[PDB]
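Given next, in C-alpha cells, is a single chain: the form deposited in one PDB entry.
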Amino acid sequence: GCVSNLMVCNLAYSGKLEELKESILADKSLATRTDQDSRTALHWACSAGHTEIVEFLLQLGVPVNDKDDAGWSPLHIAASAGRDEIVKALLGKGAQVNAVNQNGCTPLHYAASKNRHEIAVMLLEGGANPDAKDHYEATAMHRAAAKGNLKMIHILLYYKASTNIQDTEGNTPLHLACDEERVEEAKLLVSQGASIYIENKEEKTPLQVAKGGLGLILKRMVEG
C-alpha cells in the first residue's frame, strides 16, 4: 500500500533498495526531502524494518534525529516497531536516546511498554535516562510494573531506574503493581526499596490500593 506522496519514502517502506539506490544517487536532495507526515525515507525504512536501506541512508550522512510531525524520530519508530539491528545502527550514528515526541514519550517508553528487551538494554547501555517522564509524569517502570513485565523490571532496575517516582495521579510503579495484583512485580519492587508508605492523590498507600494477602505480605516483607 502507498504510505507517502513521495516516491523515495514508498521505495524505502516497501524494501526497494536497488531502486532507492539508483534514485537517491541521481539526486542526493531526495534522502532528506520530507513528505506529508514530514518524514524522509529513513523514518519509513525504520517503520518497515529494512536494515540495509537504513544503513545505506546513514552511510550517505542523513540526520538521524529529525522528527516527523507527531515528534517521532527514527529511534522512536525503530524502538516501537521492534527493529533491533536498526536501533543498533541508529545508536551507531549518535541518535539521541532521550528525544521526546509530542506525547512526551522517549524510545525507552515504547521499548518498555511493548517488551523490546534487547532494545531497552541497547537504549539504556547507550545513555537512555531510565527515569524519563512523559506528559502524565509516567516512567518505563510505571508501565512495565502495571503491565507486569517482570523481565523488563529487572532490566530497568539494573540500569538504576527509581522505583518511587510519582505520576500526576500521584501513583508509583508499586501502586500500579498492587492495583493490578502483579504479585512478584510488587515483591521485587519492595525488595529493591519501593516504599509501602507513600501515597497517591487519593491519600492511599500501595498496601491500601493493594488487594488480597499481597497487601500486607509487602508489610511482612519490609516489617516484622
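Only residues modelled in both forms are compared. Start at 1 and count along the sequence shown; that's the residue number. The term rigid core refers to the maximal set of C-alpha atoms that superpose within 1.5 Å between the two forms.
Here the subject shifts to the form deposited in another entry, a form of this protein not shown in this document.
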(request) Tell me, please, whether between this form and the one not shown the C-alpha of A70 is shifted by 2 Å or more, with the rigid core used for superposition. (result) no
(request) Determine whether the C-alpha of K211 shifts by 2 Å or more between this form and the one not shown once the rigid core is superposed. (result) yes
(message) After superposing the rigid core, is the C-alpha displacement of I165 2 Å or more between this form and the one not shown?
(response) no
(request) Sticking with residues common to both forms, list the runs of three or more in a row where every CA moves 2 angstroms or more between this form and the one not shown, core superposed. (result) 1 to 8, 18 to 30, 211 to 214
